[PDB]
Structures are given as C-alpha cells and as structure tokens.
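The chain contents come next:
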Amino acid sequence: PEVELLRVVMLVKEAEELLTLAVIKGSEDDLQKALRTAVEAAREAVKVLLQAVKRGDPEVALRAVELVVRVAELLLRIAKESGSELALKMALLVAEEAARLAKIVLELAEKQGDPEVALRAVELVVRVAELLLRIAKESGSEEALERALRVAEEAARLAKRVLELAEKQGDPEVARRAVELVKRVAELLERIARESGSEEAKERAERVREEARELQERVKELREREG
Amino acid sequence: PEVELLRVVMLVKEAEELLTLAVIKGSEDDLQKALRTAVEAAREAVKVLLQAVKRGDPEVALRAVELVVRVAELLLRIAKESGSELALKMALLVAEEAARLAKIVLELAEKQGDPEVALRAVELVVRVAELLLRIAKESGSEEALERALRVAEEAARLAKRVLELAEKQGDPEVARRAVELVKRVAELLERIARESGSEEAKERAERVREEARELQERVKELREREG
Amino acid sequence: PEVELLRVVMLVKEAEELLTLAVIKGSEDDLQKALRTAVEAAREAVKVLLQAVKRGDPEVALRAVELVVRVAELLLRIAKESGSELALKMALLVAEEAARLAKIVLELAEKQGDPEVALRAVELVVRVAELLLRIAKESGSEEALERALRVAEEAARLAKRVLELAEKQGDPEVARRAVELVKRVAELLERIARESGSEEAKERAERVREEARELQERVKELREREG
Amino acid sequence: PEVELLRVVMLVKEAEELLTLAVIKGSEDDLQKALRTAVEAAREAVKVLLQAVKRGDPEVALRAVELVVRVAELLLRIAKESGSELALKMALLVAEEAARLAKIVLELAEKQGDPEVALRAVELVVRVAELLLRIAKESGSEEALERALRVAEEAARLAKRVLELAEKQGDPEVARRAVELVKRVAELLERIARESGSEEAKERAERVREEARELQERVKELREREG
Amino acid sequence: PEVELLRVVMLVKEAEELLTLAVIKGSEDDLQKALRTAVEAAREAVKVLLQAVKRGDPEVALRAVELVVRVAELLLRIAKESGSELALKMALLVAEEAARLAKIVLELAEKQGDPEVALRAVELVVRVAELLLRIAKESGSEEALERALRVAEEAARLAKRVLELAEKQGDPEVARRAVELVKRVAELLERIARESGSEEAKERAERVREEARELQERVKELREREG
Amino acid sequence: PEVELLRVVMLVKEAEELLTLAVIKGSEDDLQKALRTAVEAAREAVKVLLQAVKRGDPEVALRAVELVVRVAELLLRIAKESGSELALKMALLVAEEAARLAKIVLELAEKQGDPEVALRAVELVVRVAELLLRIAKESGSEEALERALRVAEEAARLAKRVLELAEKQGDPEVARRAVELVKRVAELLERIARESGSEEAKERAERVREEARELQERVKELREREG
Amino acid sequence: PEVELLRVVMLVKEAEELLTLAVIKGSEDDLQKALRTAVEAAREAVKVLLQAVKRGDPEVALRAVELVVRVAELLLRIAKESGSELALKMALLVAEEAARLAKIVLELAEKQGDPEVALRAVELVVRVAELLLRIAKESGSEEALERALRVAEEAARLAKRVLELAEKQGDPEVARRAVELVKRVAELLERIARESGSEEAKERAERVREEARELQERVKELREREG
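Determination of this PDB entry was carried out by cryo-EM to a resolution of 5.4 Å, according to the record.

Participant: I would appreciate a short explanation of the packing of helix 6 (residues 142-169) of chain G against helix 7 (residues 172-196) of chain G in the present structure.
Facilitator: To describe two helices that pack against each other, one gives the angle between their axes and the distance between the axes. All names here are of chain G. Two elements in contact, helix 6 and helix 7, have axes separated by 9 Å at closest approach and are oriented at 165°. Between helix 6 and helix 7, the angle is such that the two are roughly antiparallel. Like other packed secondary-structure pairs, helix 6 and helix 7 cross with a definite hand, here left-handed. Here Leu-145, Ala-148, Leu-149, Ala-152, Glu-153, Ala-155, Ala-156, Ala-159, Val-162, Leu-163 and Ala-166 of helix 6 lie close against helix 7, whose contacting residues are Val-174, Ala-175, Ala-178, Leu-181, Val-182, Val-185, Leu-189, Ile-192, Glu-195 and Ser-196. For the contact of helix 6 with helix 7, the per-class residue count stands at 18 nonpolar, one polar and two charged.

Participant: So what exactly am I meant to see when it comes to the arrangement of the chains here?
Facilitator: There is a clear gap between chain C and chain E: no contact, and 36 Å between their nearest C-alpha atoms. Separated throughout, chain C and chain G approach each other most closely at a C-alpha pair spaced 46 Å apart.

Participant: How should I be thinking about the interface of chain D and chain A in this particular structure?
Facilitator: One frequent convention defines the size of an interface as the accessible area lost when the parts assemble. In this complex, chain D contributes 13 residues to the contact, which on the side of chain A involves 12 residues. Carbon and sulfur atoms make up 53% of the surface buried where chain D meets chain A, a total of about 1,100 Å² over both sides. Sorting the residues of chain D by area buried against chain A places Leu86(D), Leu93(D) and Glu143(D) first, and these three jointly supply 42% of that buried surface. Linking chain D with chain A are four salt bridges. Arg120(A) is the partner of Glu143(D) in a salt bridge, and the nearest nitrogen-oxygen pair spans 3.5 Å. Between chain D and chain A we count four residue pairs in polar contact in total. Of all the secondary structure elements, the ones that give two or more residues to the side of chain D that touches chain A are helix 4 (85-112) and helix 6 (142-169) of chain D. The dominant element in the side of chain D that touches chain A, judged by the number of residues it contributes, is helix 4 of chain D, at nine residues. For the side of chain D that touches chain A, a count of residues per class yields four nonpolar, one polar and eight charged.

Participant: Quick question: what am I supposed to make of helix 5 (residues 115-139) of chain C here?
Facilitator: Working note: α-helix, 3.6 residues per turn, so residues spaced by three or four point in the same direction. Residues and elements named next belong to chain C. Spanning 25 residues, helix 5 covers 36 Å between terminal C-alpha atoms, matching the ideal 36 Å at 1.5 Å per step. Here helix 5 starts with a cap whose side-chain oxygen sits 2.8 Å from the backbone nitrogen of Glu-116, and that cap is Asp-114. Once helix 5 finishes, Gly-140 follows within two positions and takes phi at roughly 75°, a positive value.

Participant: Help me understand the interface of chain C and chain D in this model?
Facilitator: Opposite the six residues of chain C that make contact, chain D presents eight residues. Buried area between chain C and chain D, summed over both chains or domains, comes out near 510 Å², and the portion from carbon and sulfur atoms is 77%. Connecting chain C to chain D are zero salt bridges. Our count for the chain C to chain D interface comes out at zero residue pairs in polar contact. Looking at which element gives the most residues to the side of chain C that touches chain D, the answer is helix 1 (residues 2-25) of chain C, with five residues. Across the side of chain C that touches chain D, the residue classes tally to three nonpolar, one polar and two charged.

Rules and cut-offs
- Here the residue numbering is sequential from 1 along each chain as its sequence is written and may not follow the entry numbering; residues with no coordinates are omitted from view.
- Lettering of chains starts at A and numbering of ligands starts at 1, both following the order in which they are written.
- A larger assembly contains the chains shown, and all values are computed for the shown part only.
- The side-chain numbers reported here are obtained from all heavy atoms of the structure, hydrogens and water having been left aside.
- For helices, the fitted line uses only the C-alpha atoms of the stretch in contact; every axis is such a line through C-alpha atoms, and the angle between N-to-C directions lies from 0 to 180 degrees.
- Here a strand is any run of E in DSSP of at least two residues, a helix any run of H or I of at least four, and the numbering for each starts at the N terminus.
- Angle categories: roughly parallel below 35 degrees, roughly antiparallel above 145, roughly perpendicular from 65 to 115, and oblique for all the rest.
- What makes a crossing left-handed is the near helix being turned counterclockwise from the far one by less than a right angle; a clockwise turn instead makes it right-handed.
- We call two residues in contact when some of their heavy atoms are within 4.5 Å.
- By the convention adopted, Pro, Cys, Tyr, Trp, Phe, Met, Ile, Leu, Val and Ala count as nonpolar, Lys, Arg, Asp and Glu as charged, and the other residues, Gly among them, as polar.
- As used here, buried area is the combined drop in accessible area, with a 1.4 Å probe, of two parts when they are placed together.
- One speaks of a salt bridge when a side-chain nitrogen belonging to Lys or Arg is within 4 Å of a carboxyl oxygen belonging to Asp or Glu.
- Here a polar contact means two N or O atoms within 3.5 Å. Within protein one must be a hydrogen donor candidate and the other an acceptor candidate, and residues neighboring in sequence count only if both atoms are side-chain atoms.
- The span you would expect from a helix comes to 1.5 Å times its residue count less one.

So, in structure tokens, the structure goes:
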C-alpha cells in the first residue's frame, strides 16, 4: 500500500497547488476543483488505511491518516478563500473523520507494539482538535465547538494509552511526548471553552491539565526505571 | 519568477514613458496606450506574484505588488492628464487590488519568517491608501473615499501583524517602522475624514492614533528585551 | 490421471506466478488469489493422488504429492510476503498433509515394488519436515515446532522402510540415499530442538543420528552382497 | 525486458534534461514536468523489475532499480531547485522504495548465484541510505532521518548476505567490496546520528563499524582459502 | 555554444558602442537603444549559459556570465548618462542575476573539477557585489545596499568553496587567489556598511576579514603539502 | 522485408548525416535529433529482423542487424561530440543488443544452411565487441568493460559454430575466415584485459588465442578434404 | 495504370534533370533531392506494377520496372557525383529490386503469352546485372559483386524461360534475342569474376557461355520448323 499511499499524497499536494493557483488567479472554479480533489484524496487515503491495516503496516496506516488531516486543513483554507459554508462543513466532517481514523491507527500500533506510530497517531488527533476549533470559529458553529471539545478530551485519553504502551516498551521519550500532547489538549480545551463560553469545558480543561501533571509523574517513574 | 518580474518592471517603466511622451506631445492616443500598458503590467505583475508564491520567494512577490502599486499611481497621473473618469475608475480598482495583493505577500512573509518583506508589504498597502484618497479626490467619489477609509484602517491592522512578527523575530527596527506606518495611517484617516466629512472616520483616525502610541510602547518593550 | 496431474501442475505454476506478480505489483489482492490457487491446486492434487492409487500408478501418485509439497512452500512464501498468520496456518496444514499423502504413496510404491518412488516419497516427507520448521519459525508456533518434530522423526522411520524395500530389491543406490534422508532428518531434528529449546528433541536427534550410522552399515552389507 | 529497461532509462535521462533546462530557464512548469517524468520513470522501472524477475535476468532487474535510485536523486535535486516540500517527500518515498526493490534484486541474485549483481544491489541500498540522509537534511524531517537510519543499518546486513554468497562462490573480490559497503554504512550511520542527535544511532554506527572489521577478517580467511 | 557565446559578446560590445556614441551625440534615443541591446545581450548570454551547461563546457558557461556582468556595468554607466532610475533598477536586477548565474557556473566547475573556472566564477560574483554597491549609491536605494551586502558575503562563502576544490586538486595558486577574493569581499562589506550606516554590516565585514586570515592559513598548509 | 530494410537503412544514413551537420553547425539540438533517429532506426531494424525471420530470409535478417551495429557506432560518435553519458549508455545498450540479434541471425543461417550469412553474423558480433570496448573507454565504465569481455568471448564461440557449419558445407573459405574472427576476438580480449586491468581476462584472451590455433588446424583438415 | 505509369516516368525524368542541374550547379542539396526523387519514382513504379498486374497489362508492368531500372542507373550516377556510399547502397538495393520485379513481369508475360514483353523483362534483369557490377565497383563491395553474380546467372536462366515461350509461340526472333541475352550474361559473369577474383565465378561464366551455344542450337531448330 506504499505506492497507493504516495499516489494519494500527490493528490493532496495537487489540492494544495489548486488552492494556491486559485488564490492567485481568483478563480472560484479552481477553488471548487481544490475542494473536490482534497476530499477525494482523503477518501482514497482511507482506502490506503484499510489496505495498510490488512497488510499490518502501521507506518503507512499512520501516514494515510496524516494525509486526511492535511486535507482537513486544506479544506478549511479553501473554504476561507472561497467563503463557502458548505466547504467549512466538509472540512469539519473530514477533520473529525481523521481523528477517528487515527484512533484506528493507534489500535494497530498498540497491536504491533510500536509506541512511535501510536504517539504520532494521537498527535494527529490533537492536530485535528485544533483544526476543529479553527473550523468552528470560521463557521461560527456551536456544534462544531462541541465536536472539537469532545475530540480534544478524547485525544488526552488516547495519549494516556500511548503512555501505557511506552511504559510497557520502556521508552521514556515517547512517554514524555505523550504527556506533552495531553498538555496541548488542555490548552485547546481552554481555547474551546473561551470560544464556546462554557464553564463545563473550562472544568474539563482543568481536569486534563492536572491529569497531565499526574501523567508526567508516571513518566518520571519510567525514566527512573529505565535510567 | 525573477526574469518575469523584471519583464513586468520594464512594462511599468514603459507606461511611465508613454505618459511623459503623451504629455509633451499632447496625444490622447498615447495617453490611451499608457493606460493599456500600465494596467497590463499590473495584470502581469499579479501573474508574477502567483509564480513567486508557488516558488516561495517573498521578495519577488513583494516587488511584483510594488509594480502594481506603481501602476495605480501611473493610472491616476494618466487619468489626470487625459481627464478620464474611466481611467480614474481603473486606477481605483488597481489601487485596491494592490493592497489586497500586498496582504497576500504579508501572509507569505509571515510564513517565511521575513519581517522585512512583511513590513514593506504593509507599507505598500499604506501607499495604496494614500493613492485611494488621491483618486477619490480627483474623481470626486464618496465610494472611493469609503474604500480609502477601509483600506487605510486595514493597513494599521496589518502593520500590527508585522509588529507581532518582528517581536517574535527580535527585530526592534522593523517593529519601530511598523508603528510609523500605523501613524501614517492615522494621518491618512484624518485626511480621508476631512475630505469625506465623516465624524465616524474622525473617530477611527483617533482610535488608530492612540493604537499607534500603544504599539510604540510594545516596541519599547522589545527594544529593552533586545538591548 | 496423467492429464489431471499436469493440469494441477499448471495450477501450482500459476500460484507461483501470482506470487511473483503480486510481489512486483505490491498487490494484497493478488496475494490472496495466489493463496486460493495454491491451496486449490493441492486439493486437486489429492484428487489426482486418489485416481493414481486406483489406477496403480505410483509415479503419478508421487508427483501429485510433490505438487502439494510445492504448494506448501508457495503458501509459506506468500504468507511471508502478505504477512498473514492465516496463510501461515494454511501452509502448516498443507505441509503436514503432504507428508501424510506421501506416506500413502510410499505404501503404494511398496506394494508395487518400486524402491525409487518409495525413496522419493520419503524425500518429500523430509522436505515437508523442513518446511514445517520454516513455517513454525515464521509463525512463532510451538505447536508447529512439535508437528515438525513428529513428522521429521517419522520421516526417518519411513526411510528405514525404503531401505528394507531396497534391500529386498537389491538396489544399494536407493538404500544409500535412504540413509542420507535419515541423516537429513537428524539435522532437521537438531534444528527443531534448537528453535524449540527441547532437550527431548535433542535426544531424539541423537538417536536418529546413531540410527543412520547403523542403517549405513546395513547398506554396506547390501553393497557387499550385490557386489 | 531489455528494450523496456532502456526505454525507462531514456525517461530518466529526460527527467534530468528537464531539470537542467528548468534551471537555466527558471521555469517552475518545467520543474513540475521534471518531477512527473522522474517519478513516472521510477514507476516504469518497477514494471521492468517485475518483468526481469519473471524472466530470470538479475542484470536487468538490478539496472531497473538503479534507474529508480537515479530518479530519487533527481527528485531531490529538482525539489531543491523548485523549493518544494512535496517534491522532497516524493524523493523520500522513491528513495526508500529503491532500497526495498534493490533487496528484491539481491534475493534474485542469490537465487541465481551471481555475487556481482548481489553486491551492486546492496550498493544501491547504501546509495539510497545516503540519499535518505540528504533528503532528510533538506526537508528537515526527523522521520526521514529515522528512515535513513533504518535503511542504512539494513544495508550493512544485506552486505553481509553478499559476503556469504561471495564466500560460497569463492570470490574474495566481491567479499572485499561487500565489507567496504558496510564501512560506508558505518560512516552514514554516524552522519545520521550527528544530524539527528541520537546517541542510540551513534551506538548503532559503532556496532556496524566493529562488524565491518569482523567481516573483513572473514574476507581474509576467504582470500587465504582461495589463494 | 561557442559561436553563440561570441555572438552575444558582439551584442555586449555593441551596447558599449551605443553608449559611447550616445554620450558624444547627446542622444536619449541612442541611450535607450543601448539599454535594450545591453539587457538583450545578458538575456541571450543566459541562453548560452544553458547550452554550455548542457554541453558540459564550464569555460563557455563562465564567459557567458562574464558577459552578463559586463552588461550590468554598462547598464549602470548608461543609467548615469541618461539619468534613468528605471535603468538603474534594470542594472541592479541584471547584476544580482549575474551573481546567481555565476554560482551555477561554480557548481558546474566543481562537478568538472576545474578550480580555475570555479575561481573566476566567484570573482565575477565579487565584481557584481561591487557593482551592486555602485548601483545602490547612484540610485540611493537601501534595498540595493542590502542586496549588495548579501551577495558580497555570499561571495566569500563561494570563494571558500573554491578553496576546498583547489585544496583537493592540489593547486595552491587558485587557493591563494580564492582568499584574495574573500579579502576583497571584506573591503566591499566595509564600504557597504559605511554607505548603509549598518553596524551589523560592519560586524559581518570583520567576520569575513578574520575568515580570510583563517583561510590564508589553510592555503599555507596546502602550499606546504604541495611544496 | 526488403523495402522495410532499405527504409531503415535510410534512417541510419539520416542519423549519420544529422551527426555530420550537427558537428559542422555545433548544434546540440541536432545532436539530440541524431540520437533519436539513430536509436529509432535500430528499433525499426529489429522489426525488420522479425519480418525477415518469419519470411526465412537470412540476408535481410543479417543486414537488419548490421544496421543496428552501425547505429551503435553512430551513437558512440554522437555521444562523443555531444559529451553525453546518457548517449554513451544508449550506445552500450544498442551495441550489446546488436550482438544478441546477430546471434539470432546466426541461428537462422544455420537452419538455412548458409555459412556466409552465419560468418558475417558473427563478424557483426565481433564488431560489437570492439564497439563495447570503445564505449566502455569513453564512458569509463567497468561494467561496460565486463559486457565487452563477455560478448567478445561469446563471439569466439559463435565463430566456432560457423566453422562447424562451414565444415559440414565443405567451404574452407568461410572456415578460414571464421578462425580469423576468433583471432580478432583474442586481440579484443587482450585490449579489454588491459583497459580493465584483469588478469582473468588476460587468461581468457590466451585461451581463445590457443583455441584459434586449434581451430585453424581444423580448417587445414577441411582444406585437405576439400582439396 | 497508364496515366500512373507516365506520371512516374516524369518523376524519373525529373530525377535525371535534378542530377544534371546539381552537377552544373555543384549543389549537394540538389544531389540529395535527386536521390529522394529517384528512389520515390522507383517506389511509385512498383505501385504501378501492382496495378498493371491486377489489370493484366504486361506492357505497363514491363515499363514500370524499366523505370525502376532507370532509377537504379540514376542513383549510381548521382552517388558518383555526390560521392555518397549511402547512395551507392540505395542504388544497389533498387537495382536488385528491379531484377526481382522484372521476374514478376516475366511471369505475367508468360501467363499472357507475350514473348516480346517476356524477352524485354529479362533484358532489364541483364541490364541490372551490369548495373550491379558497376555499383559494386564504385562501392568496392564484395557483397555487391556476389549479388551481381547471382542476378547475372539468374538472368541467363530467365532468358531460357523466354526461349521456351518463344519456341511455343513460334517466334524465332525472340528466341534468337533470348540467347543473345544469355551471351551478354556470360560476358558480365566474366567481368564480375575478374573484379571479384573468383575462379568459381569464372567457371559459372564458362557454363553459361556453353549453355548459350546449346540454346542457340535450339533456336536453329525453331527456325527450321518455322521456316
């Protein structure tokens, strides 16, 4: 699924190029083409993910989802240039999908025993959480803000799973970076809470923040055991 | 896109030469030719901008927009010599376009991390704001005055973005000049308010003026941190 | 059953070709097709074996099992390229089956009085024993290692049967090669013992090794009687 | 597959020519064309490899992969001239692919009994390892650095396989050069460790370095046996 | 590309002649013609450079760029006689281009293994750096001063590359002259710093000056090794 | 296939003419055109060969390959004038192909019973062997030297086949010239050994030299039998 | 096919005119044009031959081949003036083709029952045989000499066929001239033998000479029967 992966990668790069040209040209048609190519690439990336899962290659599976995340970003950027609420919706849907697909990669990585892919899989989810906020802000959608909130908090939980795997592996570096991701989530949760105006979300941010500290202490233990 | 840039530069210089000759000759035909060449150069400059953005060269991108700004000036000068309200309109459209294209250059400069191009990009926007006022005065257009007002205020906001970038870079010289641009905007906003007779615009000028002072204090801080 | 044999032979060759293409193409689909064709060929080969037994042709019967052994190898190779534990299991099952079917051929050869087919029948069993080890290693299966151990030791016993037949026939060349097969088993038994970490298996290897020496002395006697 | 090989060779040469012209012309379009032709050539080279494997010609198979390696180099060079992170990614993917395809050639060469093709196959992998580092440096990718590290170390292992084959063949010249490749890997591993800042990678470099010395002693033995 | 080179050389000489006649005649028309011919020659010289690169002739490639440098000088001289800020801009653009094209020649020379062309290629860059300062002074452009500063410092780095090549070749004479070029850069950097009033540029000049001393010590070593 | 043969012959002559003109004109474009036409002619010649084989005309088949050999020479000559390593590679590939195609002609000639075509077919192979050396020298390729070595030695073997055919036919003149070709190979093998620095190749040259003497004695016998 | 015949005739005359002008002008270009037109005419003449054969007109078919023979002569003459070995080859190929096409005309004439066309058809073959010698002499080709030898001898055989037809028709005049052609062949065979230095060819000439005498005796018989 390596050739298939790289094929989709090219499609993602094409979508970016179409955006760049569309902006310079001022062409709504080209912007539409960028949207179609971008989304298509993500859909094809999911096909690559499936193949990678069947093959047992967590690296291709990870990178496949990464491409989907990149599409989600591109869709937002295109939506902004085009001024399309539809495109914003499409970006929102793909973004959340990317997080869900990343969780699938995490599972595979856990089964394989690769804490590096597992870590980066969660990283993608965190990046999505940011994108979901950005999309929610541009669209002005309280629903999207909720979706961002849910995914963000989930990301912290998924990072904790990576910590466990890293601890079992004996890799304090992945464990360290795993906690960093949780801290990033805490930041995102605050930003989401501010944009949404949710005191509940503020509490959730605080809880994850404290969790990060507790998880960091676990990393310290691991480092002591590892040396 | 360097050769392409210089090619368009020659076209801009040609347009100027056509104006100079047209004035000495007293030829309406030559004045028309100057208009066609000037606008064409700006259109080709935008093509160069696109290429520069694709290449990742913020300097060529900046200079491309600069040429468009020079065209806008030339179009005004030609319109005055010809006495053409159409040419004044064309000058107005190109002028505003230049500001919009300059903002694109600013974005690129921010992505590159070049506060010098970012600064000069905003400078071009400020120069456009002046041109928009001058065009509005010659045309006697309240719409053009509004357009000048909007772009001028925007310029101040864009300069503040440059300040942020300069602060992150640690360049107090760009930060200093960024505030200067904001002060220039405040002046332009006053001049626009006077020509339009708008008490609202007067308020906007005052707000930007005070903003400039606040931004200057930020520059002071940066200088203290830099030494 | 000669045409039927050659038909299945083509199927086995097809399975190989599908693997080769699948590897070059990087196609999991083609790898699946290779698995299906390979196993099918073995199943059809068993049908040919049945016909050969009914006909009384020990040569076709032998070659039918040979094809099954080749399938077992192909299934392992395909399993490695695909990374499929299922395919590894399928390879294991077919491999052991091949040995069992080879023993049937041995019986037929003994009834016919053909020590050459009888010898080669056991050779196939020895080849299976090797394949079973290789499969066990790739799968990491202690069960498969046990299965390899049992078949390997059996092979030595079956070779001794060939020796008896060869001695009765008066063919010292088959008798000689029969002992060689036993020595090969002793090697395989050691390799299996090492991979499994079994001191019992080590003893079994030693016993067969000594047996081979004793069987070689029998061959010497036969050669002396034959001249 | 000889005509097909030479056809692809021409495509690779074309890609180079397109780069050279693009640089002299300063054409981003031509640079894009170079990227498309280069990658296409590599894809077609893989098709040639498949044919060569089916034919049983390890020389065409080797040269097919060589072309892919040359493409990887060209893609890097083009990416540098274009300033394209996408092109850098494409170069990275093709480079690693080349190493994987070279390993396939090694397998074929081992089956054929040709230690010269086997050696050169590994040489290509070593060349890829260098390219992977160069690509990682230009892209600034820690992932690419990891990929370079893994392939480099693998190259040493593959060279050791060539040594075995050469020893079995009785060719001390291939054996000698095989060790040289391992030494080159050790150098690359150090360079990768320095760029990545990895103490682990430094250890890996040291281990391969010592391995090379041990492998050289094996070559000495072979030379003594050969005379 | 030798005939093509000499053809362009004639065009450059023509441009000079047009200037000389224009000055004696006092003809602005002829001055314009000189500008058009001069720039055209440089553009054609770049075409010759491309051909030379494709041919593999570093001498023609070098001389092609030399012609471009001569054009840059002529454009400045013409701009001064005409009093044209446009012509000054054109001179600035061509001058910088010449340095960039000279660097391409350096690359070719390094690939060829010709330290003499490599040296002279950098010499041209140094000459451009001087021209850039002279142009900046006549135009009164702080931007041009910056461009001169950047190219000047680059020239020193490029000369150091020549030193490396000369050291590898074993030519202490090229190595010696390479350092001389660096010293000339240090002078130019000071002059630029004085005209620009930049304390940073003064530091850069000092750093290159000290570098030159260090590079001279390397030349001493080379001379000792060479004898 | 006679008209087709002559058509390709014209293409070969065209390629030569293009070279001659390209040299006089100094045109890299024309040199490229010469390369394209030359290679195309060889490809079309192979098509003619196929037709000739189907027709059963060993004379057209021979001359078809002759044209390919002439192309190989032209490609070398063009590569030298252009200074193209790619063209040298193309020449190498076509040269070796010509030898392989000549061997096909030999087979046909043997089946037909024409010792004159058979002889000339091998002559072409010998001419290729020389060309392969010349190409290897110009390219500096040890691989090409190996290829030249292998083809040269093969040529001697193919000449021996011609001797057999000539002996069966009763033609001592073809037999005589066949041995001459072997002697020419021995010379080429020495030259290759000298350029490659291979003591093995020197031995191979000696073996063929002695073989030639032995083959000449066979010719003597044939002459005695013929009268 | 009469109009088509005359059309080609004009083309042949044009080719002659082009030669005559080229010689007077001293133009290599015109000589090339003569070659292209000449060969083209022959190719078109063969098309006319096909049509004539389909129509059943042996006179047009004969004259069509005659034109091809005239082309062969012209090609030789042009080759001599141009000094082109390629043109000599083209002349050789067309010349031999003409003989082959003439034999086709002979067949048609035999089927029609026209001994006059049959005679003249062979005459053309004899004329070709002469041309083949002349071409071989100018080119210095032993192969061409062989081709001339084979065609010459064939001509005698074809003339004997005409004799048979003439005898069946009862035309002693065609029979007489048929033998004359054989005598002319005998002369040509001697000339070829002298140029080639072939004792075999000398024998062949003698055999045909004696044959001519025997054939003349047959003519005598026919004359006696006819009166």
